[PDB]
Amino acid sequence: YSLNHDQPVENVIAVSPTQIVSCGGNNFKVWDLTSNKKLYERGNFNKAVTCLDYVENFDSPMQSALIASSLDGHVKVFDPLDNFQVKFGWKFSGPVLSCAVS
Amino acid sequence: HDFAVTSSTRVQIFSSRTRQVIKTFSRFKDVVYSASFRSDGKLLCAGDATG
Amino acid sequence: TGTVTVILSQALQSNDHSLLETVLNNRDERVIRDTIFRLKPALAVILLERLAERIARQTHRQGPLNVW
Amino acid sequence: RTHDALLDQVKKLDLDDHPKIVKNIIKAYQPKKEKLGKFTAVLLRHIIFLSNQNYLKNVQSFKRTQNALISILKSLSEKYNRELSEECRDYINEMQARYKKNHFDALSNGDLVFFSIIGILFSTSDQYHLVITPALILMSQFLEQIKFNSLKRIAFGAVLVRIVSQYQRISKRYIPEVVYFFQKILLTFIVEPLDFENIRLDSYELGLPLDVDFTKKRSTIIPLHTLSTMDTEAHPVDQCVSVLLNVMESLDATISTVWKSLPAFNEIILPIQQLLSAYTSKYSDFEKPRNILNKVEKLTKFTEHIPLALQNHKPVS
Amino acid sequence: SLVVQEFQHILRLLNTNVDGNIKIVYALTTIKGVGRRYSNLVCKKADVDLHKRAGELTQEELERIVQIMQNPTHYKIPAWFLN
Amino acid sequence: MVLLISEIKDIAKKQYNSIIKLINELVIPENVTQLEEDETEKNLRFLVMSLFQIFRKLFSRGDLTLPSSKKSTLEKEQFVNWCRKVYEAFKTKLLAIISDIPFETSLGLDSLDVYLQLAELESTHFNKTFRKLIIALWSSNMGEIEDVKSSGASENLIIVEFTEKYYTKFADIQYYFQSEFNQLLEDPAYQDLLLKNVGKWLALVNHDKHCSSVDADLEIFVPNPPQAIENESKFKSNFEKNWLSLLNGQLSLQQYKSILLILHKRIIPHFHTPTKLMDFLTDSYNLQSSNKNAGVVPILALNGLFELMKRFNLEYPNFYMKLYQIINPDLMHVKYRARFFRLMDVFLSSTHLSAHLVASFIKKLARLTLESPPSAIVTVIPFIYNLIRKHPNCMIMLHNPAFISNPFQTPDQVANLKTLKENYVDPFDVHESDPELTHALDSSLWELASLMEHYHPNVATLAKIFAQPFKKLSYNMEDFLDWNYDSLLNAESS
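Protein chains in written order, with UniProt numbering: chain S, 207 to 308; chain L, 53 to 103; chain G, 434 to 501; chain C, 382 to 413, 419 to 578, 585 to 709; chain Z, 2 to 7, 11 to 87; chain X, 1 to 13, 22 to 134, 145 to 512.
Below you can see the structure in the form of structure tokens.
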């Protein structure tokens with residue numbers, strides 16, 4: 207089956223055992239594949255996004271963290287527990303291309 | 053404790069407790085595209101620009 | 434006429450405190466008027482939320498912000 | 382025969398109708419190298435000053451004189467090509483300098499007669515030449531760079547396209563500037585708009601209403617270039633539709649000689665197709681647009697219009 | 002989603021066709037007239053990374069290498085290392 | 001004559025009283041200048057120039073002799089009379105430079121030189147003087163200067179020669195130039211005077227050699243500098259305040275194109291608020307009107323806008339969509355297309371573009387090669403070639419493997435190819451604005467086949483390289499970029 211992301215998707219991220227991330231264009235849409243439809247969407251970014259990763263079950267008060275870099279130095283942390291709502295953000299001056307968490 | 057970063061015709065594995073260059077793969081011809089580890093932490097793949 | 438409107442819209446669509454302070458450094462009342470004229474209403478609502486927030490965070494900033 | 386002004390004064394002290402016979406006798410005495423070469427120079431300069439000066443005598447009294455001068459130029463050119471080519475090169479330099487000094491105030495119907503004399507005299511179908519190719523790019527710039535805001539420059543461009551249509555009737559090439567000229571002259575005629589703003593025409597003072605009979609006895613080409621392009625400031629509608637039919641006739645002539653062999657003729661003529669369909673939509677009688685539409689529909693059904701084979705090469709040994 | 006980055013094929017320095025997909029020390033070796041240790045010393049006096057390829061080494065570094073290699077006695081190169 | 005006699009008398013010389029009388033004559037020279045505006049002594053102004061030189065010499069002598077440094081007996085009179093005479097002479101020079109609507113070259117040059125010497129001596133024996151003289155010069159105007167429509171901003175005689183021999187040499191006056199115009203823009207009447215004489219500052223600023231230009235150095239006018247190199251940031255503040263006021267007040271079309279060109283090339287290194295110039299450039303690029311002359315500011319607008327994105331990463335939504343919108347035959351016929359295509363190179367050199375984008379751009383430019391002048395053709399053949407070179411995933415749009423036939427196939431496939439070739443249609447739409455949505459991949463370039471059937475030998479040779487296999491990658495667009503009709507004439511003759 208397909209899930210239409212009109213602007214060019216650049217990263218596919220299997221966060222949950224039931225959910226994925228369309229990480230492309232200015233926004234990013236988090237889908238549930240078991241329901242086969244977008245559970246939430248976040249257009250919280252300036253430039254077209256370029257990176258998104260996920261980390262879970264580690265030494266943190268927030269259990270699940272979602273990092274997303276969007277080509278300005280701007281990496282933003284959301285959380286699927288709070289429906290992918292903004293939790294933090296860093297800005298590095300150079301246009302960020304990649305991001306990774308331990 | 054380690055992580056690989058793609059670069060100009062080179063993959064650089066850095067450490068974490070030291071954050072220094074541990075390994076430099078430079079046997080390539082052109083710029084590496086992808087760098088991904090295995091599920092067992094020993095074998096990595098590097099997508100290049102030659103196909 | 435020399436606004437900062439597109440920059441206000443970009444920053445309030447994608448929050449960055451650095452862009453917020455760098456555009457808040459302005460004080461020229463004609464620029465204030467023309468920006469909030471050619472500014473979106475809901476973007477202005479969340480901007481006024483951010484304004485009350487930054488006034489409370491650093492009350493010393495509220496001098497040029499009392500006219501905004 | 383040794384100086385331009387001297388030879389011109391001699392011919393004028395004689396008689397401009399019998400100056401042909403006078404110069405012919407002078408050339409005969411000279412032939413009976420340097421003298422004849424200077425004679426060629428001063429005679430081409432004198433006929434160019436004649437074409438600059440007068441057109442008042444009709445085809446029974448002036449054009450026979452001009453063709454006699456053209457034939458003695460033909461003899462001197464079948465005998466001499468070196469000094470002739472040098473003279474045409476110097477004329478290129480002086481006319482480009484005149485262009486630079488005055489964009490339009492320093493152009494000449496004599497220069498038009500010069501370009502036609504070159505196009506009839508020299509080897510027309512050559513690719514590279516010391517005279518043709520600089521004159522070809524000079525005609526190209528002369529067409530493209532003039533500010534089209536008068537019927538005199540419109541007619542200048544029309545007879546320029548006529549000369550290059552002979553050039554590519556024999557040599558069979560293609561001019562995107564002449565395509566742009568067709569679109570520009572058609573938009574300047576039908577500015578009177586919503587569908588064409590990409591042409592960037594100049595002035596909005598001339599146009600085309602529906603008041604023309606365009607009959608068979610209506611004005612055909614019949615170009616009196618020193619008469620029409622000097623008297624068209626008084627502007628009646630018959631001269632306007634005449635010059636419209638002239639640029640259309642040269643368009644269809646260029647079509648039927650080279651543009652049918654041009655592979656891109658469909659998208660070459662697509663703006664001309666939309667333009668002439670608008671012509672027929674607004675005027676609803678025009679037989680030559682109808683026939684040209686018929687010809688281009690025949691060409692768009694006969695043309696392959698398939699992707700090409702540009703990257704089809706034999707394997708190397 | 003546009004990303005802008007900061011390469012060259014076979015190139016011309018001191019009238020010699022030098023490949024761009026090779027190491028820089030041995031590229032300055034295949035420059036005619038000069039060899040391995042001289043090339044190494046010129047890259048050292050130009051202060052460049054020897055593990056770079058010749059598609060790297062941007063033009064100001066390249067003209068620095070040319071200036072150093074064409075004025076050798078003026079760049080701390082001894083006369084016994086000179087040819 | 002009489003002026004020369006008075007000059008000789010003042011030179012030979022109650023000497024102060026005689027000099028005062030001579031200064032009164034040189035101040036009545038203002039009424040003489042009014043008469044010169046009527047008629048410059050049967051159109052010559054030789055006597056006026058002689059009187060001006062005499063006044064300059066007398067001012068030099070007065071500055072060498074009488075001063076107001078020491079005070080004693082009758083010092084008030086003996087110093088203030090000389091000071092007021094110097095002020096009156098400077099005022100006469102200023103008014104002569106100011107009210108001369110008539111083109112008086114010699115008189116205007118005499119006024120400028122007298123003001124120069126007077127400013128030097130005025131510093132050394134007294145910025146305020148500069149206020150007065152720039153007020154005089156900016157009140158000066160003529161019809162040959164106002165509203166230059168073809169090229170340039172203002173063909174002043176007086177103010178332009180004032181810049182070409184007075185402004186671009188001394189950085190100390192340059193700081194006291196920009197620092198005063200802020201005070202002058204705080205004055206309402208003189209602010210209105212500036213906004214009326216908007217082009218005069220453009221003729222002042224097109225000279226590339228401001229104090230912020232660190233590539234070269236400037237000499238010093240006054241032998242004692244009053245802290246002219248205080249802050250480069252404050253110099254840029256004066257520059258940017260004057261420029262924001264000028265761009266907000268009383269613009270026009272030719273001066274808009276000129277200001278935008280100098281804003282791309284010279285102003286940004288001299289500037290301090292790229293966010294203010296960023297919104298100005300968004301207005302300049304999004305300004306879309308039915309005016310055929312105002313419809314072509316997007317070119318250098320997008321140029322400076324891209325410079326601003328490269329300095330700091332802003333955003334312009336639907337960026338290559340607006341590129342596809344603005345690529346026009348008007349760009350083919352304007353003369354900023356060389357620098358616009360340099361911008362097009364650093365635009366399309368991205369590694370995230372795709373087959374649809376490249377097919378749309380190559381196809382639109384193929385239609386423009388079908389209708390474009392030939393110097394533009396030899397400019398834009400490199401773009402088709404090298405852009406097909408950097409993206410080989412679109413190369414099928416030059417030859418189709420299913421449409422090429424060979425004898426070594428089955429007659430079933432021959433009949434299939436025949437019915438598919440009869441089934442083939444052209445699916446490209448020029449009217450669709452989305453280049454990703456334009457189906458330009460299925461359409462080949464019969465227009466490039468026309469370019470193979472061009473008329474010029476060099477253009478035909480370039481298209482024959484296009485027909486030949488693409489063997490190389492570096493094409494040197496800068497060499498194959500800037501050619502003209504006259505340049506092609508000279509090259510074919512050479």
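Cβ coordinates follow ideal geometry from the N, Cα and C atoms, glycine included.
Exposed or buried, what is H282 (chain X) when buried is set at 16 or more other beta-carbons lying within 10 Å of its beta-carbon?
Here residue 282 (chain X) refers to the residue found at position 264 of the sixth sequence. Buried: at least 16 other Cβ atoms inside 10 Å.
Going along the chain, which residues of its own chain have a beta-carbon closer than 7 Å to the beta-carbon of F567 (chain C), five neighbours each way excluded?
Along the fourth sequence, one-based indexing puts residue 567 (chain C) at 181. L529, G543 and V547.
In whole angstroms, what is the alpha-carbon distance linking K693 (chain C) and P699 (chain C)?
Here the question's residue 693 (chain C) lines up with position 301 in the fourth sequence. Here the question's residue 699 (chain C) lines up with position 307 in the fourth sequence. Each residue's alpha carbon lies about 16 Å from the other.
Using 8 Å as the limit for Cβ to Cβ distance, is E333 (chain X) near chain S?
As a working mapping, residue 333 (chain X) is identified with position 315 in the sixth sequence. Chain S, which has a Cβ nearer than 8 Å to the Cβ of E333 (chain X), makes this yes.
Would you call the CB atoms of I478 (chain C) and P412 (chain C) closer than 8 Å?
As a working mapping, residue 478 (chain C) is identified with position 92 in the fourth sequence. As a working mapping, residue 412 (chain C) is identified with position 31 in the fourth sequence. No.
Helix or strand or just coil, what does DSSP make of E454 (chain G)?
Counting from one through the third sequence, the residue named residue 454 (chain G) turns up at place 21. In the structure shown, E454 (chain G) falls within a helical segment according to DSSP collapsed to helix, strand and coil.
With 8 Å set as the bound, which would you pick, yes or no: does the beta-carbon of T61 (chain L) sit closer than that to a beta-carbon of chain Z?
Residue numbering aside, residue 61 (chain L) sits at position 9 when the second sequence is read from its first letter. Judged by the 8 Å Cβ criterion, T61 (chain L) is in contact with chain Z.
Straight-line CA distance for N404 (chain X) to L480 (chain X)?
The residue given as residue 404 (chain X) occupies position 386 in the sixth sequence. The residue given as residue 480 (chain X) occupies position 462 in the sixth sequence. Cα to Cα, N404 (chain X) sits roughly 13 Å from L480 (chain X).
Under 8 Å, do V223 (chain X) and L278 (chain X) count as touching if we go by C-beta distance?
By 1-based counting over the sixth sequence, the position of residue 223 (chain X) is 205. By 1-based counting over the sixth sequence, the position of residue 278 (chain X) is 260. Cβ atoms of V223 (chain X) and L278 (chain X): not closer than 8 Å.
Given this structure, state the Cα-to-Cα distance separating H290 (chain X) from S255 (chain X), to the nearest angstrom.
Here residue 290 (chain X) refers to the residue found at position 272 when the sixth sequence is read from its first residue. Here residue 255 (chain X) refers to the residue found at position 237 when the sixth sequence is read from its first residue. Rounded to whole angstroms, the separation of the alpha carbons of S255 (chain X) and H290 (chain X) is 7 Å.
Can you tell me which of the three DSSP states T224 (chain S) falls into?
Counting from one through the first sequence, the residue named residue 224 (chain S) turns up at place 18. In this structure, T224 (chain S) counts as coil in the three-state DSSP scheme.
Can you look up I219 (chain S) in the DSSP assignment and give me helix, strand or coil?
Here residue 219 (chain S) refers to the residue found at position 13 of the first sequence. Note: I219 (chain S) maps to strand in three-state DSSP.
Could you tell me if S595 (chain C) is buried or exposed, where buried requires 16 or more neighbouring beta carbons within 10 angstroms of its beta carbon?
Taking the fourth sequence and counting its residues from 1, the one referred to as residue 595 (chain C) is at position 203. Exposed, by the Cβ-count rule.
Whole angstroms are fine: how far does the CA of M268 (chain S) sit from the CA of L287 (chain S)?
Residue numbering aside, residue 287 (chain S) sits at position 81 when the first sequence is read from its first letter. Residue numbering aside, residue 268 (chain S) sits at position 62 when the first sequence is read from its first letter. When rounded, the distance between both Cα atoms is 8 Å.
Within 10 angstroms of the Cβ of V292 (chain S), are there 16 or more other Cβ atoms? Answer buried if so, exposed if not.
For the purposes of this step, residue 292 (chain S) is identified with residue 86 of the first sequence, where counting begins at 1. The residue in question, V292 (chain S), is exposed, as its Cβ has fewer than 16 Cβ neighbours within 10 Å.
Where does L82 (chain X) fall in DSSP's three states?
Working through the sixth sequence from its first residue, we reach residue 82 (chain X) at position 74. In this structure, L82 (chain X) counts as coil in the three-state DSSP scheme.
Thinking C-alpha only, which one of Z:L17, Z:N44 and Z:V5 is nearest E67 (chain Z)?
Within the fifth sequence, residue 67 (chain Z) is the residue found at index 63, counting from 1. Checking every option, the nearest Cα to that of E67 (chain Z) belongs to Z:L17.
Can you pull the chain Z neighbours of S78 (chain L), defined as C-beta to C-beta under 7 Å?
Indexing the second sequence from 1 puts residue 78 (chain L) at position 26. The answer, in chain order, is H55.
Quick one: what does DSSP say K401 (chain C) is sitting in, helix, strand or coil?
The sequence position of residue 401 (chain C) within the fourth sequence is 20, counting from 1. Note: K401 (chain C) maps to helix in three-state DSSP.
Ends of the beta strand (DSSP E) at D644 (chain C)?
By one-based count along the fourth sequence, residue 644 (chain C) stands at place 252. First-last for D644 (chain C): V629 to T646, but that is the alpha helix (DSSP H), not the beta strand (DSSP E).
Just grab the DSSP bridge partners of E247 (chain S) for me.
Along the first sequence, read from residue 1 onward, the residue named residue 247 (chain S) stands at position 41. Per DSSP, S:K235.
With a cut-off of 8 Å, does the C-beta of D297 (chain X) fall near any C-beta of chain G?
Within the sixth sequence, residue 297 (chain X) is the residue found at index 279, counting from 1. Residue contact with chain G for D297 (chain X): present (Cβ-Cβ distance below 8 Å to some residue of chain G).
Using a Cβ-Cβ cut-off of 8 Å, state whether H457 (chain X) counts as contacting chain A.
In the structure shown, chain A does not exist; the protein chains are S, L, G, C, Z and X.
Looking only at its own chain, which residues have a Cβ that is under 7 Å from the Cβ of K218 (chain X), when we skip the five neighbours before and after it?
Counting from one through the sixth sequence, the residue named residue 218 (chain X) turns up at place 200. Answer for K218 (chain X): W156, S172, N174 and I177, listed in chain order.
What does DSSP give as the partner residue(s) for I273 (chain S) in the beta ladder?
As a first step, residue 273 (chain S) is located in the first sequence; it is residue number 67 there, counting from the start. According to DSSP, which records beta bridges pairwise, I273 (chain S) is partnered with S:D259 and S:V283.
What do you get for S378 (chain X), buried or exposed, if any count of 16 or more other CB atoms within 10 angstroms of its CB means buried?
To locate residue 378 (chain X), count along the sixth sequence from 1; it is residue 360. Buried, by the Cβ-count rule.
Could you tell me the distance, in whole angstroms, from the CA atom of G70 (chain X) to the CA atom of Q245 (chain X)?
Indexing the sixth sequence from 1 puts residue 70 (chain X) at position 62. Indexing the sixth sequence from 1 puts residue 245 (chain X) at position 227. Spanning the two alpha carbons is a distance of roughly 28 Å.
Do you know whose CA, among C:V629, C:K538, C:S557 and C:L516, lies nearest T649 (chain C)'s CA?
Reading the fourth sequence from its first residue, position 257 is the one you call residue 649 (chain C). The shortest C-alpha separation from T649 (chain C) is found at C:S557.
Given a limit of 7 Å on CB to CB distance, which residues of the UniProt repeat "WD 6" (250-294) of chain S reach chain X?
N252, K253 and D278
Please list, in chain order, all residues of the same chain as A394 (chain X) whose beta carbon is under 7 Å from its beta carbon, the five residues on each side excluded.
Indexing the sixth sequence from 1 puts residue 394 (chain X) at position 376. Correct list, in chain order: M350 and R355.
Mapping DSSP to helix, strand and coil, what is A492 (chain C)?
Looking up residue 492 (chain C) in the fourth sequence gives position 106. Here DSSP, grouped into helix, strand and coil, assigns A492 (chain C) to coil.
Taking C-alpha atoms, which residue in X:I191, X:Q23, X:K78 and X:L102 lies nearest to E38 (chain X)?
For this step, residue 38 (chain X) is matched to residue 30 along the sixth sequence. Looking at the Cα atoms, X:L102 is the closest of the given residues.
So with CB distances below 7 Å, who are the chain G contacts of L262 (chain X)?
Taking the first residue of the sixth sequence as position 1, residue 262 (chain X) is located at position 244. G435, listed in chain order.
Under a three-way DSSP split, which group does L61 (chain Z) fall into?
As a first step, residue 61 (chain Z) is located in the fifth sequence; it is residue number 57 there, counting from the start. Coil.
Is the Cβ of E60 (chain Z) closer than 8 Å to any Cβ of chain L?
As a first step, residue 60 (chain Z) must be located in the fifth sequence, where it is residue number 56. Yes, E60 (chain Z) lies at the interface with chain L (some Cβ there is under 8 Å from its Cβ).
For the alpha helix (DSSP H) containing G543 (chain C), list its first residue and its last residue.
Within the fourth sequence, residue 543 (chain C) is the residue found at index 157, counting from 1. Element bounds for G543 (chain C): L537 to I556.
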